[PDB]
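K.L.:
This structure is in structure tokens; I'll ask about it shortly.
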Amino acid sequence: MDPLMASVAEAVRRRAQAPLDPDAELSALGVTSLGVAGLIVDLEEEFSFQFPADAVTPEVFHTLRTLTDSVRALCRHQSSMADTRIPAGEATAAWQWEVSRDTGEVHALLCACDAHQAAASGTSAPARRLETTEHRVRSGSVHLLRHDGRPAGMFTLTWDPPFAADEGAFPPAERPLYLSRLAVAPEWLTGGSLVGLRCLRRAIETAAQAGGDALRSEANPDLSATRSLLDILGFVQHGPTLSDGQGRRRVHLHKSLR
Ligand SMILES: [Cl-]
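Structure representation (structure tokens):
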């Protein structure tokens with residue numbers, strides 16, 4: 014095979030669940046959302062480049078051909094193929110990021126995602142304060158991804174810790190930022206939409222552009238899919254797993270930046 018495409022094909026078969034055609038769809042190979050996350054981390058390690066959040070789309074990860082072409086383009090740019098790096102068409106442009114200004118919209122999205130993931134994991138949905146949503150939205154901390162006008166995913170990014178955590182729960186850092194309320198609309202939680210992966214990468218990029226040297230988070234490890242996602246993208250757990258008298262748990266995660 015062609016060398017770059019051969020490397021990409023090996024990376025893909027690592028994250029597949031089936032026994033290679035350049036025009037084969039990754040989804041048909043059984044590559045899931047977590048699969049794509051591991052694929053991105055492998056390729057970034059192998060070829061010493063960084064995947065942009067807006068390249069985390071089912072269009073880039075459609076087939077082995079599209080993925081290989083995107084890898085080639087991204088590698089070239091981070092050192093001509095601008096036609097590939099800038100994808101033409103209305104489907105790409107249907108996805109738009111904003112700093113949210115609509116409290117009710119944010120709170121409805123958060124609660125829908127919470128309830129869905131609680132049903133899927135067998136855990137209690139967290140209690141969300143509308144006053145917290147109001148404070149976050151007025152602060153400019155909520156970043157929301159729309160598709161065709163309808164909210165799809167979001168994250169909250171603050172200088173203040175949005176959760177209690179002792180000293181030493183995290184490695185030291187000069188300007189840490191905090192991630193909370195990462196949420197995806199139920200319709201995109203099919204396990205292959207990549208919306209959550211895209212929002213998480215966007216939070217990493219935004220925190221890095223803000224001058225942060227660390228991104229801190231509190232995660233429920235019993236939401237095992239998101240826990241794995243955080244782990245694949247390099248969030249390291251510092252200190253032991255906290256747990257209540259009724260078995261509900263939380264862990265503190267730290268990811269280095271810039
Ligand atoms: Cl998944």
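Each position in the sequence shown, counted from 1, maps to that position plus 13 in the numbering used here.
A virtual CB, placed ideally from N, CA and C, is assigned to each residue, including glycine.
#1: Using the beta-carbon of each residue, find all residues closer than 7 Å to any heavy atom of ligand 1 and list them in chain order.
#2: Using C-beta distances below 7 Å, list every residue in its chain close to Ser20, excluding the 5 sequence neighbours before and after it, in chain order.
#3: Once the 5 residues before and after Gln259 are set aside, which same chain residues still bring their CB inside 8 Å of it?
#4: Let me know the secondary structure DSSP gives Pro16 once reduced to three states.
#5: Give me, in chain order, the residues of the same chain whose beta-carbon lies closer than 8 Å to that of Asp127; leave out the 5 immediate sequence neighbours on both sides.
#6: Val197 lies in the beta strand (DSSP E); which residues open and close that run?
#7: Buried or exposed: which applies to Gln130, given that a residue is buried once 16 or more other Cβ atoms fall within 10 Å of its Cβ?
#8: Would you report the Cα separation of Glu72 and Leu210, rounded to the nearest angstrom?
#9: Take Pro175 and list the residues in its own chain whose beta-carbon comes closer than 6 Å to its own, dropping the five residues that flank it on each side.
#10: Distance check for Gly247 and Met167, CA to CA, integer angstroms please.
#11: Just to confirm the assignment, what range does the beta strand (DSSP E) spanning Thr171 have?
#12: Would you say the beta carbon of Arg89 comes nearer than 6 Å to a heavy atom of ligand 2?
#13: Is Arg261 buried or exposed, if buried means 16 or more other CB atoms sit within 10 Å of its CB?
#14: Roughly how many angstroms separate the alpha carbons of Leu143 and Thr105, rounded to a whole number?
#15: Under a three-way DSSP split, which group does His160 fall into?
#16: Helix, strand or coil for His75, going by three-state DSSP, please let me know.
#17: Given a threshold of 16 other Cβ atoms within 10 Å of its Cβ, counted over all protein chains shown, does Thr169 qualify as buried or as exposed?
#18: With a threshold of 8 Å, are at least 3 pairs of Cβ atoms found where one atom belongs to the region 110-119 and the other to the region 154-165?
#19: How would you write the range of the alpha helix (DSSP H) that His251 sits in, first residue to last?
P.N.:
So, from the data block:
#1: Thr45, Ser46, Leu47, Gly204, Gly205, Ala238
#2: Beyond the five residues adjoining it in sequence on each side, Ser20 comes within less than 7 Å, by CB distance, of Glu59 in the same chain, given in chain order.
#3: none
#4: The DSSP-derived three-state label of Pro16 is helix.
#5: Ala138, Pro139, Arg141, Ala196
#6: 189-197
#7: It is buried - the Cβ of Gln130 has at least 16 other Cβ atoms within 10 Å.
#8: 14 Å
#9: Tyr191, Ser193
#10: 20 Å
#11: 163-171
#12: For ligand 2, the structure offers nothing, since it holds only ligand 1.
#13: Here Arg261 is exposed. Its C-beta has fewer than 16 other C-beta atoms within 10 Å.
#14: 33 Å
#15: strand
#16: coil
#17: buried
#18: yes
#19: In the DSSP annotation of this structure, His251 is not part of any alpha helix (DSSP H), being labelled neither H nor E.
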